[PDB]
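A.B. asks: Got a structure for you, written out below as structure tokens; questions coming shortly.
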Amino acid sequence: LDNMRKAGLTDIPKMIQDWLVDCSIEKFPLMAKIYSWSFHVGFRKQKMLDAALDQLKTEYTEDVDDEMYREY
Amino acid sequence: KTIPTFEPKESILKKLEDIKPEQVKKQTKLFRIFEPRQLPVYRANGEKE
């Protein structure tokens, strides 16, 4: 809720703030309203290299335990 | 990039239909464990004959 206030959202982190005092199922469709409305922002279309850079660049090490990979 | 290897402990299993009989052992030279050798000889005083 403090990452959502750096971005500028000041009235969506007030509904989650005022729901956490009760933690009730009778006000939970307000919390799924905010989760459903967030997908209508739009798609994140990028370049193919720029969106497959964090996926294809990983750190493989040999400091795993090999006793766990024999059972796997 | 690097990829760490992983060799699993495996063997080669065969069916009973193909287990070949072993080769017949025959030998081509005698079993030698000793050989002669030419050494010099010394007499009773200590000199060389």
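Naming works like this for the structure tokens: A, B, ... for the chains as they're shown, residue 1 at the start of each chain, ligands 1 onward in shown order.
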How close does chain B get to chain A? List, as JSON lines, each residue of chain B within 8 Å, its nearest atom pair and the distance in Å to one decimal, counting only C-alpha atoms.

C.D. replies:
{"residue": "B:2", "atom": "CA", "partner": "A:60", "partner_atom": "CA", "distance": 7.2}
{"residue": "B:3", "atom": "CA", "partner": "A:60", "partner_atom": "CA", "distance": 6.4}
{"residue": "B:4", "atom": "CA", "partner": "A:62", "partner_atom": "CA", "distance": 6.3}
{"residue": "B:8", "atom": "CA", "partner": "A:70", "partner_atom": "CA", "distance": 7.2}

A.B. asks: As a PDB file with C-alpha atoms, in the first residue's frame, please: the residues near range 28-34 of chain A (cut-off 8 Å, only C-alpha atoms, same-chain neighbours under 6 positions excluded).

C.D. replies:
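Output file selection.pdb follows:
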ATOM      1  CA  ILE A  12      -7.670   3.121  -4.332  1.00  0.00           C
ATOM      2  CA  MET A  15     -10.601   1.389   0.111  1.00  0.00           C
ATOM      3  CA  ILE A  16      -8.163  -1.392   1.028  1.00  0.00           C
TER       4      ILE A  16
END

A.B. asks: Between CA of residue 11 in chain B and CA of residue 71 in chain A, what is the distance in Å, rounded to a tenth?

C.D. replies: 16.9 Å

A.B. asks: Between CA of residue 35 in chain B and CA of residue 49 in chain B, what distance in Å does the model show, to one decimal?

C.D. replies: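 Separating CA of residue 35 in chain B from CA of residue 49 in chain B is a distance of 23.7 Å.
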
A.B. asks: Among chain A, which residues does DSSP mark as alpha helix (DSSP H) when it is run on the backbone? Keep the chain and numbering as in the structure and answer as number ranges by chain.

C.D. replies: A: 15-19, 28-37, 48-51, 66-71
